[PDB]
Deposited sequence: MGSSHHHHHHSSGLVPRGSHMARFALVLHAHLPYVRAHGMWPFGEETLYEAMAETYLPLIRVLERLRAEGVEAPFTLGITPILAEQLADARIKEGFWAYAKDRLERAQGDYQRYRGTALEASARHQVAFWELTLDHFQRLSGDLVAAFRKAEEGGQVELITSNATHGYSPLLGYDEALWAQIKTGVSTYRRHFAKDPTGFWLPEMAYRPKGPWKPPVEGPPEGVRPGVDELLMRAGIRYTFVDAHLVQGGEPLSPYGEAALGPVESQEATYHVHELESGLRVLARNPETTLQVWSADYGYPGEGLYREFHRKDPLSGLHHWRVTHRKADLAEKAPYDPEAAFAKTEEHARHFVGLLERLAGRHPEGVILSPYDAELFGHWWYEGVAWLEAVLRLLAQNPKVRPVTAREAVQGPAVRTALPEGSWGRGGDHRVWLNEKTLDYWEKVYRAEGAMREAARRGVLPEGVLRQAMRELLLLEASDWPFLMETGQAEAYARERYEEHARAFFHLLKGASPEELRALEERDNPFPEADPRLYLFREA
């Protein structure tokens, strides 16, 4: 009766890593997420469906992630990665039987057996499994920009349109339905108005709001950070004002929900977030021989050398207590905001991958909320129904500082220069229509790959900036090479290396 609406949104995303190397950052990053986040989530969805548990939520799979999950090289690579991990786990069980690490090693063997069997039973097709969960009603699926481009800073409306529409087209191709919800990468939003580029030389002029292009693409709602609706300081101690519990409608007709502060902190806080509980598996200590994780957090301030052996049984059991604790918080929020909306949006790979026990926590939370008299779990589609506050949103993001500083700074000016030059050249090339169709399609792929926010995100990170620079520099170089003139076999080598979006439509740049 007059229940609060809880909208859990998981944003699943990885940049394009297929064919670009294996490790530390490369294909293995995708195989890790497939094993530890996506497959376990699919098993939650299968169980809830089997048991008739009604606790829906919203899942984004970015187009570039979905393109990789659906790819033959990735399916084969995952199968090989999981086989090798089973062998590593068997070897660690051989070494650690009769030691304090035996339980961890035994658990790892069981995990990889289950992973291989499940993957095999899915025909290796995770995208199909997610389509099937949506069909059963356990989840709403949402899309995003083709390659998670940073919407407010893309230099042309045509390039932003191509990102949005390529994402919508990818979702339609994979799921045979039109998406109504959309994840703005980094919750990054810009309203209608005069715009001057931060680097030369897209032109300055009045641009439509990001929401107007979303509406034109058939999208009806998205998700923004608290400070975009309540003002004040960005969440990234920011309280949760009234406005954050309301659905907002913009002049364009688009609806938005705002990130709830309390539920974000309760999970993400480096100091009191659930993942820092001492029983949970420690991510950052790796076995010297196998690279597997056999240790527990122990204490948040513990040195790696001070980490105690992992006990899987105690760790998974702990998730039940944390599920009750979280639901207690939702109830307190529901009492403060009768019949309000609580949006709890997270990067998906936090669960199961970074916080190993986090998918079990999600399942426990959902099962509790299915029976809760005060808080109803809903899809985003349902959450945005009913009365909405008429609202205009300021420019911002959910990043540090609540603005664009993470992606636009002294170390990314070179990046943005290349993006802007490529966006201008792509438009012109599409308009001329003199390059072969295949060259135009692959140039479009290279531009989209260049536009991934994942690269500039890392230009102020010491251990990642060289890698990210080589990735963006290579997609830029490939893009310009294709326009200037590449041989057919140079084209084919790029098509094979960089293969998302088989139906890429360069006519989107004529928007």
Going from the first residue of the deposited sequence to the last, where are the unmodelled runs? 1-18, 255-262, 538-540
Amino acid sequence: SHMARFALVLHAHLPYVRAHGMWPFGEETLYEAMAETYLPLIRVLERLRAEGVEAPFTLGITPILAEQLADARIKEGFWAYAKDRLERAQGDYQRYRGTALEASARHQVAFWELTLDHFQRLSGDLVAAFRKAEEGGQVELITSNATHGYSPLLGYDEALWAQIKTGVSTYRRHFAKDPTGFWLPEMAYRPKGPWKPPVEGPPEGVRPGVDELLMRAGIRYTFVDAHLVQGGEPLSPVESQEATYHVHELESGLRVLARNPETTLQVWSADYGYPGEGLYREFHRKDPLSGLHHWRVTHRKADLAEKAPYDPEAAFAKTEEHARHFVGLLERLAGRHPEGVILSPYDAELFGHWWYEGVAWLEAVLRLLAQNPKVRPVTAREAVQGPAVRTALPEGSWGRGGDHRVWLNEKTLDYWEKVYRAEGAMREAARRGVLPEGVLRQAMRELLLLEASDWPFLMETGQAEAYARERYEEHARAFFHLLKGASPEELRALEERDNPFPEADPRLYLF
From here on, numbers count along this sequence of modelled residues.
The stretch whose C-alpha atoms carry the larger average B-factor in the entry, 104-112 or 432-440, is 432-440
Per the entry, where is the mean C-alpha temperature factor higher: 242-250 or 80-88? 242-250
Among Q120, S269, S290, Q94, where is the Cα temperature factor highest, going by the PDB entry? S269
Looking only at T379, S151, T147, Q385, the Cα with the top B-factor belongs to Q385
When the modelled residues of the chain are sorted by Cα temperature factor, does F130 land in the lowest, middle or highest third? lowest
Considering every modelled residue of the chain and its Cα B-factor in the PDB entry, is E67 in the lowest, middle or highest third? lowest
Quick one: classify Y38 as lowest, middle or highest third of the chain based on its Cα B-factor. lowest
Ranked C-alpha temperature factor of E423 among modelled chain residues, by third: middle
Among modelled residues of the same chain, the CA temperature factor third for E460: highest
